[PDB]
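Have a look below at one chain only, the form deposited in one PDB entry, in structure tokens format.
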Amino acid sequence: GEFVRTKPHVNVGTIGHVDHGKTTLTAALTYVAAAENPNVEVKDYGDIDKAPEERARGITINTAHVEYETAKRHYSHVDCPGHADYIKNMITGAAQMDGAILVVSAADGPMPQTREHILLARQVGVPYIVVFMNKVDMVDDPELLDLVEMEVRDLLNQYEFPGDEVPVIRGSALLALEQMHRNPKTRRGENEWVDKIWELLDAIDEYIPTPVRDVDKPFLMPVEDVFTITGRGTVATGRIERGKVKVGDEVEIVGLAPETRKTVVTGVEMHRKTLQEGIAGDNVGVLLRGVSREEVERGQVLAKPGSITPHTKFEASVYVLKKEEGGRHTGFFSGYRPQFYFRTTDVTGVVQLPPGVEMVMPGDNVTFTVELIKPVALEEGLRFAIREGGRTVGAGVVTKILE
């Protein structure tokens, strides 16, 4: 059908260590919110972890986007994988969030991807975090619960989140989800577990602010994914960063290719509902005429033509992680070629250290230049993560664009 705007729109999502309950919580949110609002369509566990490879491996691999709303706001929710091998997908998901829900298992406490997701969330600009302490149905001991909360708050403090202030909601994603399956009409106040999900919804409503967005600046949408719709054509998905897009607009596909390509937008949808106009903050699919899925990819940006010049060379201020933060034990030299993550973009780059700086060590704050092997939409003040060999090794911010 058609998308009707009645409420402010905010993008949230789920992050946290593997198996702590992100997807189960995402499902419970749709069911719980749907009882109050009939515009919410429910999403089961298997509707979210739907890919054959997810069924095969028993984990989330792809980000999934689901929709729900409260009385206050409309939400698009990006559910990210927790497995260490799918961090790149999680980063692309977090790059779309105005706030993240950090899921931590009460039975396990914070674990290495609890830390890594918090760190990475910051580096793609997630401005606020709410915590859901999950699986409390498995933990009798009140003292362990208090310890887990304390550990999570302190961990958040380590990455410059206000850990002492974030809401920490204690519940069971699974028992809420079970109650909603048995009674899909279960309303607030009727059930203990469902009410914890309402506590989460209230915290999301009130603690994660609606961002200040600019719809007057040139259209810019980082591409998070691309697929072929049988019948329609190639669709590029993403959160619109600024400006607006309408069907009929010419856009440029910028980055990751030798040259920029122009095409015409032939459709705009949010959660499979047609948008008259996509605006900053919307989580959309943009149908692109005359390009295949081999001609658009994650990490490119769609932009008002001529508004963005992609770049390959920049100076950066970089913090290199210590080993206890999951970084490398050893340093690196000029010529080090790790991966750089900017918003939804993942690209290999060459580190070139100043003359006289021959080695950078874990724990170092340092400045150097990077040469990307492919051009990428970049700008001064843009935060990024550095990863190599399947581990996060650094966090940086672009200081100067050289080329």
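Numbering starts at 1 and runs along the sequence shown.
Beyond the structure shown, there is the form deposited with a small molecule bound, which is absent from this document and is the topic of what follows.
Contact check for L119: no non-hydrogen atom falls within 4.5 Å of the small molecule in the deposited complex. In the deposited complex, at least one heavy atom of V235 sits within 4.5 Å of a heavy atom of the small molecule.
Proximity of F333 to the small molecule in the deposited complex: non-hydrogen atoms within 4.5 Å are absent; the residue sits far from the partner. Though the partner is left out of this view, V320 does not reach within 4.5 Å of the small molecule in the deposited complex, counting heavy atoms only. Stretch-level contact check against the small molecule in the deposited complex with heavy atoms at 4.5 Å: of 251-259, 308-316, 285-293, 94-102, the positive one is 285-293. Though the small molecule is absent from this view, in the deposited complex it lies within 4.5 Å of a heavy atom of just one residue from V126, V268, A280, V148, which is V268. Between the small molecule and the residues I229, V215, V264, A71, the one pair within 4.5 Å by heavy atoms in the deposited complex involves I229.
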